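Protein chains in written order, with PDB author numbering: chain F, 3 to 135, 152 to 468; chain E, 3 to 135, 152 to 468; chain O, 2 to 321; chain S, 108 to 161. Ideal Cβ positions, reconstructed from N, Cα and C, are used throughout, including at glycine. These notes are about the structure you will find just below.
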Amino acid sequence: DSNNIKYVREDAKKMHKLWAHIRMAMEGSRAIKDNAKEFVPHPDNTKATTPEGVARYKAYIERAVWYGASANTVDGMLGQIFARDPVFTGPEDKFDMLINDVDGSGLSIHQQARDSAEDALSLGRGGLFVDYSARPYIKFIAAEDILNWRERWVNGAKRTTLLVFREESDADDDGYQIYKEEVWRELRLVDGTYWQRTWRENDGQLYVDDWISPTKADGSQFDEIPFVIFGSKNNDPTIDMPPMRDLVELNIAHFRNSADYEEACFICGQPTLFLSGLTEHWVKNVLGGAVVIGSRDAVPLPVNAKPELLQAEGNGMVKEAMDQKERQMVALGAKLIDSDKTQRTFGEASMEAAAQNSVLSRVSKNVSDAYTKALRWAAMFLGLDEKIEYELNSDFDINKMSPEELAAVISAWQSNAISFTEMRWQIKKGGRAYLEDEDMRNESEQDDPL
Amino acid sequence: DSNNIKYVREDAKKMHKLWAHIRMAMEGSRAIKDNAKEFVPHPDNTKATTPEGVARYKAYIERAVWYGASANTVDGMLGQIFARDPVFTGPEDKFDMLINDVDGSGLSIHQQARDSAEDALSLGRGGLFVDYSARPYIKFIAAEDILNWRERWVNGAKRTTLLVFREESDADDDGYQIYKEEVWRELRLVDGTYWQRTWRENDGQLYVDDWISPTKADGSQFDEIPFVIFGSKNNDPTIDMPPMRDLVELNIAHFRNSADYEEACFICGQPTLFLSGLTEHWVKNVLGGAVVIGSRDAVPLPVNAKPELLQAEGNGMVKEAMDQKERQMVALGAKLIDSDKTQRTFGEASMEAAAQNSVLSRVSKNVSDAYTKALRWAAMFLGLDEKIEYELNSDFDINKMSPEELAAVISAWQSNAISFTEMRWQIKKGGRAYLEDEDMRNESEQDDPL
Amino acid sequence: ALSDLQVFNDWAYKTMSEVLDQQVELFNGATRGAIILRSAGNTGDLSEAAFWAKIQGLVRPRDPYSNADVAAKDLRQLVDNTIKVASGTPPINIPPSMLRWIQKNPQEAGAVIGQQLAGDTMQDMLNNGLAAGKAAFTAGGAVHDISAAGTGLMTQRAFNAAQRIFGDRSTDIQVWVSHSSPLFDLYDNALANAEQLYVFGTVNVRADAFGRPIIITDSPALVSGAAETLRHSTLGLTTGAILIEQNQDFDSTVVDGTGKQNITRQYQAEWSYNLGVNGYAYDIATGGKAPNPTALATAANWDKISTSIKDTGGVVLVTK
Amino acid sequence: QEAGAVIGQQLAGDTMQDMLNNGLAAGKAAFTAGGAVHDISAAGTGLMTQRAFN
């Protein structure tokens with residue numbers, strides 16, 4: 003019951019380093035350059051000990067350019083997933099407060115879903131908490163916030179019996195300074211009953227609270243802890259592999275190769291005369307320690323003197339490795355960057371569309387399940403309808419819908435094959451309508467001007 | 003008392019530098035060349051301290067060329083988002099005062115929306131403030163103007179308790195000198211009630227005004243602070259990562275590589291005779307320091323003498339570095355440049371359009387939600403209808419509607435499958451209509467001329 | 002026990018750390034409330050509570066014929082006490098560069114330090130509580146010694162002496178906590194019964210023949226000496242006898258000190274809790290503001306607050 | 108974090124103070140260097156008066 007509430011499950015401690023790495027890779031070039039020691043080894047650590055070595059390493063890191071493939075990958079994946087908006091199924095008037103302001107901050111449920119999908123795509127872990135205030155609130159939980167979970171078997175079933183997670187909040191003191199006050203919720207399930215504590219630590223003063231048992235509208239307590247841990251793979255308490263690991267590693271390798279290439283650019287990319295076969299007498303007498311290199315003047319040289327404009331040549335091995343890493347990130351990614359040079363045949367990509375959009379569909383289904391479960395839990399708080407759904411947009415590759423597509427869908431609705439709400443969802447998905455279905459009905463009931 | 007109204011959060015202070023550099027990158031070549039000291043490191047610090055070194059560095063920077071594709075990026079993104087005009091749904095004649103002059107300065111809500119969208123696309127921050135004069155005014159708070167905020171849970175909900183922003187102005191005197199006097203607004207929320215103060219600063223003092231509780235037309239004061247902060251990620255007080263980071267860093271790298279390449283062009287670009295196997299006596303005899311190099315005149319050389327023009331040859335490795343960086347800038351998805359030589363096979367652009375347009379859709383949704391919320395708050399101030407909406411253009415890649423597209427839309431309106439206002443909306447998006455639909459109905463109700 | 006050598010999901014994937022060898026599950030219900038483990042913070046380095054005292058001459062004989070002179074009486078107010086104990090962690094040298102074993106695991110270092118530290122922290126709480134309880138009971142005169150009589154440990158005749166000491170209220174003693182050697186001596190004596198009150202089916206009784214189960218832990222605080230001078234301490238506890246109360250102020254930092262040829266990465270932890278013994282007060286002046294186990298286990302640092310031994314909860318028995 | 112907050116507020120105050128003081132000192136030094144100085148300490152009794160402002 004009472005123990006070290008700050009304890010972190012040791013495999014979460016395993017995953018902290020990787021999770022921080024994806025966070026840094028998403029943050030951008032500045033974050034990577036700030037901790038470049040963890041990514042780009044010094045070409046000579048014995049130099050790195052010396053102050054000249056650390057200055058050289060600083061200059062070496064600054065000249066490098068971060069490609070930013072992982073951030074673009076996550077952005078494009080999120081954009082593809084959230085074409086238009088997820089649709090709500092069931093009563094829409096009764097659930098309006100959960101939709102418009104899900105957490106009470108005015109942040110709509112679709113935006114919270116966007117954050118959850120971003121987390122599940124980037125570092126592949128998140129959580130939803132639904133608790134009573152009178153109005154239920156659907157929290158959002160970061161991956162590093164879920165810090166403990168266990169599983170005994172009661173009647174031989176998978177039942178998460180313990181779940182502790184941290185919360186961050188700024189104390190509302192009189193002044194204008196910013197603290198960081200921590201709150202822990204200890205969700206405990208005993209003999210099929212939900213229990214929870216609050217560990218508010220305002221002013222470091224432990225206002226630990228007695229165990230409480232939340233009740234539904236009709237009572238009967240609860241049978242399951244209302245906390246779904248959505249992930250890249252599935253809604254399991256076990257940690258799932260982040261989808262961005264390979265892309266982040268490729269980006270780091272390309273960044274190192276870029277550092278080498280930029281150092282080469284700055285040093286040996288400039289042509290130089292390299293006056294060979296030359297004597298000090300000749301220099302000090304005719305050159306005078308100064309060479310005019312414009313086309314107006316000519317320069318003399320003694321017998322058997324050969325000048326040689328030396329400069330590093332292109333298509334080197336370093337840039338070849340950089341090109342292959344770029345192609346590899348293109349190859350194992352999904353709509354992360356675009357190559358205007360190459361062309362792709364229509365119909366060839368139609369067959370590979372399903373394979374290319376695997377992670378998108380998986381995360382879409384996972385988050386849809388998680389949010390539907392949370393909505394059902396909130397309904398049971400309110401004693402509302404249970405058969406409700408919240409599905410994220412699963413039909414990917416969305417564009418303006420063709421005129422023949424419009425004719426086909428209208429013909430299909432004219433037959434008893436597609437419902438009116440289905441047809442409106444189709445026509446809105448194609449960017450052909452904006453008014454709600456009921457409003458369109460109300461306007462279209464009236465007689466036409468003719 | 004604290005009296006620290008001007009205090010800025012630590013993370014906002016961290017983001018000031020990135021915001022300023024993004025502003026500089028958008029600004030153009032002048033701002034970068036004024037501060038090329040940071041972006042372009044001196045090729046030699048030992049010379050950099052010396053005077054001839056700083057002269058060489060100035061001549062080095064002046065020949066550099068700021069490619070400036072970040073500005074073109076943001077311009078193209080804004081043009082795609084703000085094409086035609088965002089649609090306002092609700093009683094217009096009650097809200098005509100807001101649509102016409104959104105802040106009492108004659109600017110339509112569309113122009114302020116465009117400014118907010120540009121600020122969200124550029125550095126991922128903004129703020130809309132609504133206050134009571152009788153008329154409500156929708157402010158526009160610059161990204162750097164929001165200098166403090168606070169997030170505290172009451173009744174288990176995300177509620178914003180403190181939010182301080184700077185309001186700039188110019189002093190009104192009879193003279194012609196322009197002062198720049200600032201007033202700080204402290205938006206505070208205590209026990210679910212919105213209060214407000216203004217801090218003024220003149221003649222060596224810091225004014226404080228009385229706490230006020232702005233009320234709706236129906237009274238009942240307020241429950242939420244009428245301030246919304248939007249960005250690329252979502253409408254949260256926490257900073258959203260600016261979308262231009264990758265483009266800004268790549269543009270800076272391209273700028274310094276262009277500096278190096280232009281130095282090479284100036285110095286080693288022009289050919290030189292480089293007469294080898296040459297004696298001083300021959301020069302002083304016939305050359306005399308002057309070699310006529312026209313096609314009319316021929317010049318001799320001694321035995322075993324070799325002339326050889328030497329200029330830097332093309333496709334240098336520095337040029338290929340600039341080329342790869344430009345291709346990267348294209349690859350990150352920015353609509354920054356076009357390419358006349360590239361040819362794309364249609365049927366594949368729509369495959370990834372949803373991914374190329376990801377941040378555009380995200381910003382569209384965020385700004386639409388923010389302006390919707392601001393309009394609802396203004397309606398609450400006036401005590402008018404609450405079911406009002408404000409949505410931006412969510413369908414990019416707009417173009418003239420094809421005759422087949424027009425026929426399909428018209429046939430869709432013939433059936434009770436798309437509303438008349440929807441048909442008018444699409445036909446206007448296709449640029450096939452300009453006048454208001456009510457004027458259309460008034461004109462077309464009359465009998466045909468025959 | 003568990004081996005998990007068959008499948009290696011990850012290198013030394015939590016497979017073993019020999020986390021602890023002593024039974025430390027002796028808190029709250031485990032000790033039947035005797036050693037209650039709680040989580041409620043309090044400030045400073047103490048926790049003082051005041052309660053009224055028993056008036057010694059409350060009832061007096063009265064002579065109706067001559068009331069004589071009224072004896073003057075007055076009422077006091079005793080003071081409770083709860084010292085705060087500070088416990089840390091020696092700097093732990095994490096290997097920053099992964100050391101290239103058959104199991105290559107750099108961050109598993111901190112991952113396993115977490116669990117080992119949790120186990121050792123609970124062990125330290127239990128051991129300090131037991132040592133402080135022994136010291137307080139010894140200072141209060143609640144001790145018995147049977148070392149000089151016979152083998153030095155009787156099967157059940159030993160417990161009756163503690164019952165006699167604690168007096169008429171002996172019913173409220175629930176649990177004896179003891180080292181494993183007294184339990185094995187108990188088994189050996191029971192396994193060869195002089196008065197045959199044991200049968201083969203009932204020779205493995207863990208209780209004390211009065212409904213007070215013996216709870217076994219190998220706490221070093223309950224043993225002292227070696228060979229001939231080896232002594233085992235068994236102490237009985239009522240409900241709420243030992244109060245170990247955490248403050249939930251765990252602090253943990255990892256520092257990249259370096260300073261040498263190779264990088265130096267360290268680990269450090271800090272926490273605190275409040276130790277209290279029912280009916281006794283820690284003498285703050287005699288001991289220290291942040292006492293160590295040596296000072297906690299030392300008598301004359303504990304004062305008897307309750308008027309009667311029956312009020313305070315705990316009796317200690319020494320067996321050789 | 109209370110220590111960090113206290114340091115932050117005191118640091119804001121002291122940073123304002125330090126920039127103000129250094130600006131005023133540099134201004135006084137520059138005005139003395141440029142020869143735009145008027146002294147009342149020598150002229151009779153050196154006290155603030157509207158005459159000194161004139």
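Alpha-carbon spacing of residue i relative to residue j, whole angstroms
{"i": "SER386(F)", "j": "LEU180(F)", "result": "24 Å"}
{"i": "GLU423(F)", "j": "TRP443(E)", "result": "19 Å"}
{"i": "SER72(E)", "j": "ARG345(E)", "result": "14 Å"}
{"i": "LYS198(F)", "j": "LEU231(O)", "result": "53 Å"}
{"i": "residue 553(F)", "j": "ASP87(E)", "result": "Summary: the structure shown does not reach residue 553(F), with chain F confined to residues 3 through 468, and so no result is reported for it."}
{"i": "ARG362(F)", "j": "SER368(F)", "result": "11 Å"}
{"i": "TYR134(F)", "j": "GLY174(E)", "result": "8 Å"}
{"i": "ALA210(O)", "j": "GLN157(O)", "result": "7 Å"}
Residue span of the alpha helix (DSSP H) that contains residue i, given as start and end
{"i": "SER462(E)", "result": "455-463"}
{"i": "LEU154(O)", "result": "Per DSSP, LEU154(O) belongs to no alpha helix (DSSP H) and is neither H nor E."}
{"i": "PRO421(F)", "result": "421-432"}
{"i": "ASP264(E)", "result": "263-286"}
{"i": "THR48(E)", "result": "47-51"}
Best match in the options for proximity to residue i [C-alpha to C-alpha]
{"i": "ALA119(F)", "options": "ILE428(F), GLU409(F) and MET419(F)", "result": "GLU409(F)"}
{"i": "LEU328(E)", "options": "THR360(F), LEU293(F) and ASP341(F)", "result": "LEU293(F)"}
{"i": "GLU185(F)", "options": "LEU268(F), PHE131(F), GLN113(F) and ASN275(F)", "result": "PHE131(F)"}
{"i": "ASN29(O)", "options": "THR239(O), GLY289(O) and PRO292(O)", "result": "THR239(O)"}
{"i": "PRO289(F)", "options": "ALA282(F), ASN322(F) and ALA330(F)", "result": "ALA330(F)"}
{"i": "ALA397(F)", "options": "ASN322(F), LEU100(F), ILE355(F) and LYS302(F)", "result": "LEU100(F)"}
{"i": "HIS18(F)", "options": "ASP358(F), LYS343(F), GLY126(F) and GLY307(F)", "result": "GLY126(F)"}
{"i": "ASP169(O)", "options": "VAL178(O), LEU154(O), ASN248(O) and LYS311(O)", "result": "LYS311(O)"}
{"i": "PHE90(E)", "options": "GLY78(E), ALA115(E), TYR69(E) and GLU169(E)", "result": "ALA115(E)"}
{"i": "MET458(E)", "options": "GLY449(E), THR439(E) and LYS447(E)", "result": "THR439(E)"}
Any C-beta of chain F under 9 Å from that of residue i
{"i": "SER429(E)", "result": "yes"}
{"i": "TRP217(E)", "result": "no"}
{"i": "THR265(O)", "result": "no"}
{"i": "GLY115(S)", "result": "yes"}
Contact under 9 Å by Cβ, residue i with residue j
{"i": "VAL317(F)", "j": "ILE311(F)", "result": "yes"}
{"i": "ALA136(O)", "j": "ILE147(O)", "result": "no"}
{"i": "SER462(E)", "j": "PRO244(F)", "result": "no"}
{"i": "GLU12(E)", "j": "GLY115(S)", "result": "yes"}
{"i": "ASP455(E)", "j": "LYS96(E)", "result": "no"}
{"i": "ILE355(F)", "j": "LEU350(E)", "result": "yes"}
{"i": "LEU127(O)", "j": "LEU236(O)", "result": "no"}
Minimum Cβ-Cβ distance from residue i to chain O less than 9 Å
{"i": "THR256(F)", "result": "no"}
{"i": "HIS23(F)", "result": "no"}
Element boundaries [beta strand (DSSP E), containing residue i]
{"i": "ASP209(F)", "result": "Note, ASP209(F): premise wrong, no beta strand (DSSP E); not H, not E."}
{"i": "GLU186(F)", "result": "176-187"}
{"i": "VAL86(O)", "result": "84-89"}
{"i": "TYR134(E)", "result": "130-134"}
9 Å Cβ cutoff, residue i in contact with chain E
{"i": "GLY134(S)", "result": "no"}
{"i": "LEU224(F)", "result": "no"}
{"i": "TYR279(F)", "result": "yes"}
Residue-chain proximity (residue i, chain S), Cβ-Cβ < 9 Å
{"i": "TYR9(E)", "result": "yes"}
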